[PDB]
Each structure stands twice: as C-alpha cells, then as structure tokens.
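Asks: okay, here's the opening piece of the assembly, coordinates as they are in the complex:
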Amino acid sequence: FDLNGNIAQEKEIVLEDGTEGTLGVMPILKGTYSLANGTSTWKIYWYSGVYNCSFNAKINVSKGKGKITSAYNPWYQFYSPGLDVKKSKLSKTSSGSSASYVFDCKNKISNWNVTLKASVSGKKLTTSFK
Amino acid sequence: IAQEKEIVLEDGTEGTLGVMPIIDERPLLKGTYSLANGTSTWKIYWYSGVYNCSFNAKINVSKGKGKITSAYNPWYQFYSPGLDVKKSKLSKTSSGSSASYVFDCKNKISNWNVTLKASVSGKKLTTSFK
Amino acid sequence: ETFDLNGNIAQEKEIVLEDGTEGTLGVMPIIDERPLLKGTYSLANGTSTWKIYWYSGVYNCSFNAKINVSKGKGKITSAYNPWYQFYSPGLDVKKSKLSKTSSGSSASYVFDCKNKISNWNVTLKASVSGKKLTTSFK
Amino acid sequence: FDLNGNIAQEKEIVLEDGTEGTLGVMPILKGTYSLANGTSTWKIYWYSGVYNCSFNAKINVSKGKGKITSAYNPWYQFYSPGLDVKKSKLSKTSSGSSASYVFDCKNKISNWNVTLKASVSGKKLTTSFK
C-alpha cells in the first residue's frame, strides 16, 4: 500500500462541524558543519525577536565517529507579552546521538512547543530549531 | 457483541460499565502503508483546525518483519481559545511495536486526551488519531 | 447507629486533633485469596484483547487490555490505549493514570478529580483471576 | 544544654511586626493492634465529615517481626467547598517499616497537609492520622 517513497500519503476525514482532518505519513532548514578528533565544547543557540535560548554540548569524537557526552548550561529569554512557558527541558539521548532543549508554551489562543536540537553523526554537527 | 451493565452511581450519575473483545483498534481515523526492507524514516502527522502535531519514526525491516527503532522530534501546535495542554508525552513500546504521542487537554468545560499513533506489524505501518 | 456495614468487622477508633475535627480512624483485615464472583464468566485459553470502558453523561473513559490465560490461570500482560472525556463544567481532572499490577491480576485507570464542592478519585478497573474477567467503576 | 528529656525546649523570637516565633524541640492519638504470622492484607482508612481516604497494605510477618511489603489501591473523597488537593501520594519506606498517604491541601486562607499512616513493628499494626 505504497507507490513511491517520495510524496506524502494522507487519510482525510470531515468532522461533525464540516472541518477537515488529515492523518498523514511522509518519507523524509538546519545548520551543519565538520568536527575534529578528540573532545570539544560547543554553544548551541537560537536568537530571534521572540525566542532566545542556548545550551552547551560536550562532544567526544573517538575513531571517526562522535557523540554528545553532555548537554548542560541551559539558558533562555523569551520576549512576548502573554506568553507562558509551562515547561522547559534539556535532555540527551542515551547514545548521545543528539540533545534537545524543549519548551512547552502557551498563550490565550494556542499551545505549542519550540525545540533547539543538536545532533552528532560521525564527524558532523547539525543543529535545528522547530 | 459486548457484555455490559447499567450502573447508577451514588451521586446519581448513570453510566454503562462494559467490556468487549476486539480484533482491531477503533480510532477516529486510521491508515495502513507497506514498508520495504531496510531502514526508512517517516514523519507521522495530524492536521486539523484545532489540533496539529507530528513526530518522526525510524523504522527498520529485516526480511519480513520490522519495528520502530526510534520515535523522535515530537512537535505540536494547537489553536483554540482557553485550551490547556496539561501534558504531552511521546513514547515508544520496548518492542518497537508502536509509538504514541498523547495529549492531556482541558478547558472551561472539558477534560480529555488526543492521540497520534503509529504501529508497525510485519510489512505494515498503521497510523491513527483518536 | 450509622450503619457502616464494614464497621462490624474493622476495629475503629474515634479521635480528634489540633483542628478540633471529629473523625474515625480504622483498620480492617481483608481477603485477597478469593476468586471473582460477578465477572464476565468466560475468556478462552491463549491470548485475547479487550476494550474496558465506562460511559456516562459526565465521565467517559476506556482502555485496552491484552489478556493471556495459559492452562487455567489468567493475567493481564498489557493495559494500553488509555482514552477519556470528562465533560462537565466545574469538574477538573488534575491527573490521570493507567496501571497494571505486577502480577497482571488487575489494571486500573485512575483520575484525580475536583469540583466546587469536592475532591476525589475515580477508577476504571479490570480484574482477572483464572478464566474470569470482571470490571468496576467507583 | 538539656535538663530532662520530658518537656519541650523552645527558642523564642519577636518578629518585626511584634509577632512571636517559636523554634522548638521536644522529646516524644492512634490506633494499634496485634498481627499474626505469615502474610496478610489490610485496609487502612480514615473517615470524617471532611476527609475520607484509604489504601491497602500487604504485610508479611516472618519470624516474630513483620513489615509492610506493599501499599496500594489509594482512594479518597474530600468534602469541603473551596478545598483544593494540590497533590496526593501513597508511599512505603524501603524497610517497609511504614506507609503513608499524604495530601497537600489548600483553600483561600491556608495551606496544609493531612496524613494517613500505617506502621508495623514486630507483630503490631499502628495507624494514625495527622
């Protein structure tokens, strides 16, 4: 039940009030750049008119493959009247494949999360913000 | 057919306490998709006026059977005045049989949850939202 | 006398503290080495899945339970797909949790609730002994 | 710096607004009764016009000394307009010397906790509520 693994496939539905609902599956902007052998420390951050946040990530590249050995020193300043940061959390995957600083936010009309993530694979450091 | 009984609680609340055997789960909406051997990465998502959310699923398939090796990058953004998302957890079963993004919601008149789920069985990938 | 109905079995003690409040502290020996009586009289050998649920004007909730009965003794191997909708103004759900005992003798979906005049928990419970499956909501 | 271990000893202080403060130390109503050899199950409870709560305690008396091996099935119904139960928790000491069901409550003029406790020492079961 799959033609090509290039486009999104969705199941649609119309709710009792005539509102569309989409259940979908899809195969799959970021910052990436080279690393060096041994251990290194990095400040991973994001800055905008609304969200500003960062943390430190210690990485260790043994052989030609590295991982995040520690994620610490979480900082943040969010400017926006009425915004409520219900929760914030910095965590590292057991493998150390990545670290994420996640904020669960809320205002008068919405609830959502924002995420600053750092990923290490081989000798490559990738960051993202969603 | 199910086996049930009508109970009237002390506070007057009249309800139906029941049990029924099921073959397949009954969500609001579901979808089934075939998988190819090897590792593949997919975005699982739901979009509606009020609820919007997703996560990524890393699926691996050795010969005939496959499972979810990783459920990550949980994202959501809900729009509705006065809505509160008390809790949001993305989790994966130990056997990788499935992953579920569950939201505990609340507002001036109700308390409920919504669930975006992805389960893998053999060559099949099943998505659902309830 | 205010007929507890379990008061005849338990040893109780009326006490009062600091606040000058009057309440009864009590202890009662209970039996667990007993089978179920009211439950769904049958659940075939092997493995099977079940939908446990309570539906009413205010409280609505359910969960799935895979049950495994090898030879004669049956247990719950899993309690999943917790779902709920507690629709009523004034009512607030502060916490919800689905759990299964170590033995798999029972699974409970507990909700911590509150309204303008009270605070309390409610439980949707499924219990299994031998080839019997029973439920309760209190 | 201690005469007799029978009475309370306090350090007093007068706050900026002429309010007394007492820091004190003191050497030290409950329900108690005999147990039997082997394992047993007990319902520990309290009932009043305001607070009603209970839990089950499994006890195991090996030799002539016993302990609580499990505390479970926490139930409660508190009647009082305006009362808010911020938190509730049932826990057992590692040694199993006792179990406690603690409620952190709050209303418009106060914050306090209430506690139903079960204690086992030798072949004796003691309960209390504070």
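Replies: Yep, that arrived. Numbers count the residues shown, from 1 in each chain, chains lettered A, B, ... in the order given.
Asks: Measure how buried whichever residue of chain A sits closest to chain C is and give me the count.
Replies: Using CB to the nearest CB, the single residue of chain A nearest to chain C is residue A:16, 14.3 Å away. Just so you know, the C-beta spots here come from the backbone N, C-alpha and C atoms, and that holds for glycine as well. Each residue near residue A:16 was counted by other CB atoms under 10 Å in any protein chain shown, and the total is 5.
Asks: Checking it next. Helix, strand or coil?
Replies: At residue A:16 the chain is in coil, as set by DSSP: H, G, I helix; E, B strand; the rest coil.
Asks: Who are the contact partners of it?
Replies: By CB atoms under 8 Å, 6 or more residues apart in numbering or on different chains, residue A:16 lies in contact with nothing.
Asks: Does the residue of chain A found nearest chain B have any beta-bridge partners, and if so which?
Replies: At 3.6 Å from chain B, residue A:112 is the closest residue in chain A, using CB to the nearest CB. Beta bridges link residue A:112 to residue A:105, residue B:77, judged by DSSP bridges.
Asks: so it touches residue A:86, yeah?
Replies: No. If you go by CB atoms under 8 Å, residue A:112 and residue A:86 don't touch, sitting 10.6 Å apart.
Asks: Find the residues that touch each one of the two.
Replies: A:104, A:105, A:106.
Asks: Tell me the one among the residues you listed nearest to residue A:41.
Replies: Nearest to residue A:41 among these is residue A:104, at 27.7 Å by CB to CB.
Asks: tally of neighbours for that closest one?
Replies: By other CB under 10 Å, the residues close to residue A:104 number 18.
Asks: to the structure above, add chain E:
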Amino acid sequence: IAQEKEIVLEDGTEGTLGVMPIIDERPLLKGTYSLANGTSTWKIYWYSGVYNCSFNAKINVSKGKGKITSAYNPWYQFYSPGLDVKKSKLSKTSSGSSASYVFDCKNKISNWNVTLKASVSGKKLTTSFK
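Replies: Okay, here's chain E dropped in alongside the others:
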C-alpha cells in the same frame, strides 16, 4: 569581611554580587541542645502566626558522636490569604548530618522559601528556621 561587587544588570536592576567565608550558618533563629548516648526521638518544630510546621528526627549517638537516622512525619499548616505553597520537601543528608523541611512559597507580590532545619554534630543538636 566579605568580597563583593556592585553590578547593574541590562534591565536596570542594581544588585550586589558577593562571596563571604562563614564559620557558622546565619539563620533567622537557632538553638543548640545536648544529646545522650543511645537512640532518642524528637519533634522539631516552628510555630508563628503564618508558618507552623514540624517533623520527627530519630537520632542515634554511639559514644561521642551521633547522627540523624531518620527524618519523618513532616507536617505543616500555614495561614495567610492568597499564599501558595508550591513545594514542600523534607530531606535528610546521606551522612545523617542534618535534615531540612523546605517550603517554596508564593503570593501576588512575592516568591520565597522558608526552612525548618535540624543538624547533628557530635553531642550537639542544632535547630534553625530561616
């Protein structure tokens, strides 16, 4: 004398960042009491118009030195309109050197904590509230 510096933060906030070496702790109020060899149980408490709380401390003294073997039965009841006790934790140091009952408080105009503490050193039992 202490070593400090006056800092004016970006938002205009003017403060004093300092460090000072101390011999003894400086709480709002303290008390010292002698202990006898053997095990003894004590109630540690504080009473004032607004704050009232206590816990029990099991102290053991082998020949000259002693420590807290157990800090239990935490109790509190605070009176003040609009006051919120966000958190309350009773904990004991691994070495039994001390136990502390800490309350995180809040109201329309302030955020703070209060601490009822008991520390044991040798033959001495020191109580304090800050």
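Asks: how many other residues sit next to residue A:81?
Replies: For residue A:81, the neighbour count with other CB under 10 Å is 5.
Asks: Now the phi/psi pair for it, please.
Replies: phi -60, psi 140 (degrees, to the nearest 10).
Asks: residues contacting residue A:114?
Replies: A:51, A:102, A:103, A:105, A:129, A:130.
Asks: excluding its backbone neighbours, what's nearest the closest residue to chain D within chain A?
Replies: Closest to chain D within chain A is residue A:86: 16.5 Å, counting by CB to the nearest CB. Spatial nearest neighbour of residue A:86, chain neighbours left out: residue A:104 (4.7 Å); criterion: CB to CB, 6 or more residues apart in numbering or on different chains.
Asks: cool, residue A:39 as well?
Replies: Using CB to CB, 6+ apart, the nearest residue to residue A:39 is residue A:60, at 4.8 Å.
Asks: show me what contacts that neighbour?
Replies: A:38, A:39, A:66, A:67, A:69.
Asks: OK, now which residue of chain A is nearest to chain E?
Replies: Taking CB to the nearest CB, chain A has residue A:77 as its residue nearest chain E, at 10.1 Å.
Asks: tally of neighbours for that residue?
Replies: Neighbours around residue A:77, by other CB under 10 Å: 9.
Asks: do residue A:40 as well
Replies: The local packing of residue A:40 (other CB under 10 Å) involves 14 other residues.
Asks: my guess is it contacts residue A:59, does it?
Replies: Yes. Assessed by CB under 8 Å, residue A:40 is found in contact with residue A:59 at 5.3 Å.
Asks: now the sequence for chain F, which goes on the structure above:
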Amino acid sequence: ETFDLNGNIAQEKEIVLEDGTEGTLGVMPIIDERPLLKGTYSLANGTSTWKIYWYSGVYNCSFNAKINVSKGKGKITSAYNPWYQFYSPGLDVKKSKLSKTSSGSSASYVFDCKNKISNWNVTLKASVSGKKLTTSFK
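Replies: With chain F now in place:
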C-alpha cells in the same frame, strides 16, 4: 551591522519556518580548558565554607558551598542552604534549583521566571578552578 560580538566566531544561519518568524540558528566552539580570571584571588588549602549571594531590589538569593582544595586543585564538594526572596508584583518564579557539577567545578542556583512581558531564567553561579573562586549572576 547589529554587532553580536560573538557573531564573528560562530557559524550562524538565518532561517524561517511555518510561522514565518525570522531568527538565527548558531553554533560556536568554546574553550573550557581555561582558568578563571575575574574571581576571588584566594581560597586557602584544606576545606572551607562560603556564602554565595546576590542581593537586589527584585532578586535576592544565596547558597552555601563547602570547598575542598587539596594540593593545588580545588572543587566544590557541596552546595546547600539554598535561600531566596524574589519580591516584585508581576514576577512569578516557576521553578528553582541548586546544583553542583559532577566535578565540583561549579554550582548553580537557577530560577525559571516570568512576568507580563517575558519568560527567562536567571542563575547565581559559583565556579572554582585551582585556588580561584569566582561568581556571576545573569
């Protein structure tokens, strides 16, 4: 150009998402294999206790830190007695936590704050390398 001042060292990327918001994602290599410079120039050998603190009109907080410096290298063996008073209407403290690094290289007392126009954390930090003790509050 809006002088970041660290922008010259880090590699940054301006991006935009779903919301149509404009922000800069960035990564910067930093050094930790460096000693302290501004800190309290002395902390004698052996063991000593210190009161770390910040006092101001709105934020006030402090904690104690036992420091152990054997031979030449010094570390924090304990961070205790966390105390605070954040007195200001509109300001809400959502969480507070005192922590010490594994190494004892530093101790941090972090507060999650909020007001009608912003959400942010503030930290009272004590760091120790060799025989140097420094502090900061940002």
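Asks: mind redoing the contacts of residue A:114 now chain F's in there?
Replies: Residues near residue A:114 by CB under 8 Å, 6+ apart: A:51, A:102, A:103, A:105, A:129, A:130.
Asks: Name all residues that make contact with the fourth one.
Replies: Shown here is residue A:105, whose contacts under the criterion CB under 8 Å, 6+ apart are A:78, A:83, A:84, A:85, A:86, A:111, A:112, A:113, A:114.
Asks: quick one: which of the residues you listed has the most company?
Replies: Most surrounded of the contacts of residue A:105: other CB under 10 Å gives residue A:114, at 25 neighbours.
Asks: and residue A:36, how many neighbours?
Replies: Look at residue A:36: counted by other CB under 10 Å, it has 11 neighbours.
Asks: Identify the residue spatially nearest to it, adjacent ones excluded.
Replies: Residue A:36 sits nearest to residue A:61 (CB to CB, 6+ apart), 6.7 Å away.
Asks: so residue A:115 sits right up against residue A:103, yeah?
Replies: Yes. Applying CB under 8 Å, one finds residue A:115 in contact with residue A:103, separated by 7.4 Å.
Asks: Name the residue in those two with the higher neighbour count.
Replies: residue A:103 (20 against 16).
Asks: show me what contacts the more buried one?
Replies: A:51, A:53, A:76, A:78, A:85, A:87, A:88, A:113, A:114, A:115.
Asks: Farthest pair within those?
Replies: Going by CB to CB, the pair spanning those furthest: A:51 and A:87, at 14.8 Å.
Asks: When the two are compared, which one has more neighbours?
Replies: A direct count of neighbours by other CB under 10 Å for residue A:51 and residue A:87 places residue A:51 higher, at 22 against 15.
Asks: residues in contact with the more buried one?
Replies: A:76, A:78, A:103, A:114, F:23.
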